[PDB]
Amino acid sequence: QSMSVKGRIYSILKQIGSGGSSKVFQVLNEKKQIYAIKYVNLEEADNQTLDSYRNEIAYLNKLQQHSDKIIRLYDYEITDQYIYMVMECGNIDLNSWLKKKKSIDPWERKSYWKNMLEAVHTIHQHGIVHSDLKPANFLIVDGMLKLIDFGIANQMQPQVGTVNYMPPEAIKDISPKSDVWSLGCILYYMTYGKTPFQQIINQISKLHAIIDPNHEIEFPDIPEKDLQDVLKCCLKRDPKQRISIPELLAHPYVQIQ
Ligand SMILES: COc1ccc(Nc2cc3[nH]c(-c4cn[nH]c4)cc3cn2)cc1OC
């Protein structure tokens, strides 16, 4: 199978992702280089939806330059019927990698954490709060984590819908501190092998636990005290009492050794 994006021809290899009106394909260009093409169908898309897509593509294009922890967008073709986005191909998303890997190397975790902070820090510096960070939003590209989206474009039914990374303030109702909670949940999962409220099956009981101050989050003792402190700092229920990204970037866990 084959497709054209801005005059350039691409051979389709396999379908990566999907959605109600979107498909992601693994492709090859004329020079036999590997890419990901995100196809978006705009037939049933309303004006609100279109502007959400246009806004996200604009921010993805702009933030290319500011950090290599943001996915590469090489080119795109946008008409009234479709969007074709030629992007960087990743090895695997962080969620699939975490679900597959039994244990996680402490060096590998610290490395991924650094990348997650750099990517999220960059979007914040441009006025963007993601508000829905999960491990699925990150891509492993050459042992390096990259942020694939900014949470602007309207989400579609095909990890999606999950409340395990939701800050207490999002359940009550958004500031950059909201992303710190979600990042803290991802690190807690990479530390303890589960998210802080993963054991609570019932969604209502789970939402009640996240917002409950009397519901103490357990932080079992580990050889990395710096790591335990990060987790405790990210997971402060009060946004005003929570650590910021510039503060996490100066933290012993990210800087020592
Ligand atoms: C585990 O399956 C994979 C997951 C991700 C990628 N790589 C990938 C995924 C992507 N999703 C998007 C995307 C951006 N917004 N929505 C989807 C872009 C992109 C680039 N490479 C490759 C995989 O192996 C076949």
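The rules behind these values
Residues numbered from 1 in each chain as written, not as in the entry; some residues may be left out. Heavy atoms only, no water. Residues with missing side-chain atoms left out of burial classes, pairs and counts. Near = heavy atom within 4 Å. Polar contact = N/O pair within 3.5 Å; in protein donor to acceptor, adjacent residues only side chain to side chain. Helix = DSSP H or I, 4+ residues; strand = E, 2+ residues; numbered from the N terminus. Nonpolar A, V, L, I, M, F, W, Y, C, P; charged D, E, K, R; others polar. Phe/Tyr/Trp six-rings, centres within 6.5 Å; stacked < 30°, edge-to-face > 60°. Buried < 20%, exposed > 50% of the residue type's maximum accessible area, 1.4 Å probe, protein only. Pairing = 2+ DSSP bridges. Contact = heavy atoms within 4.5 Å. Axes fitted to C-alpha atoms, helices over the stretch in contact; angles between N-to-C directions. Salt bridge = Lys/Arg side-chain N within 4 Å of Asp/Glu carboxyl O.

A. Looking closely at the site of the ligand. The immediate surroundings of the ligand are formed by 14 residues, with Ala 36, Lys 38, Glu 88, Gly 90 and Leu 139 found nearest. A distance of 3.1 Å separates a nitrogen atom of the ligand from a polar side-chain atom of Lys 38. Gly 90 places a polar main-chain atom, nitrogen or oxygen, 3.3 Å from a nitrogen atom of the ligand. Every element with two or more residues in the shell around the ligand is listed here: strand 4 (34–41) and strand 7 (92–93). In the shell around the ligand, the residues fall into 9 nonpolar, 2 polar and 3 charged.

B. Summary view of the packing of aromatic side chains. Using the criterion set out here, one finds 6 aromatic pairs in the structure. When the centroid spacing of 5.2 Å and the interplanar angle of 75 degrees are considered together, the rings of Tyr 35 and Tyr 74 count as edge-to-face. Here the residue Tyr 35 occupies a position in strand 4, and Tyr 74 occupies one in strand 5 (residues 73–78), the gap between them amounting to 39 residues. Residue class for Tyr 35 comes out buried when judged on its relative accessible area of 12%.

C. Focus on the sheet that holds strand 7. A sheet is described by the order of its strands in space; here 3 strands give the open sequence 7-8-9, paired in antiparallel fashion. Looking at strand neighbours, the two that pair on one side only are strand 7 and strand 9 (145–147), the edges of this open sheet. On top of the sheet, helix 3 (residues 106–124) reaches strand 8 (138–140) and strand 9; it is set at about 20 degrees to strand 9, its chief contact.

D. Geometry of the pattern of salt bridges. In total, this model carries 7 salt bridges according to the counting rule given. When the shortest N-O distance is used, the salt bridge between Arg 109 and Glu 224 registers 2.9 Å. Among the residues examined, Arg 109 registers a relative accessible area of 6% and is labelled buried. Classification of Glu 224 by relative accessible area gives partly exposed; the value is 22%. Linked through salt bridges whose partners overlap, the residues forming this network are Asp 68, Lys 69 and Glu 118.

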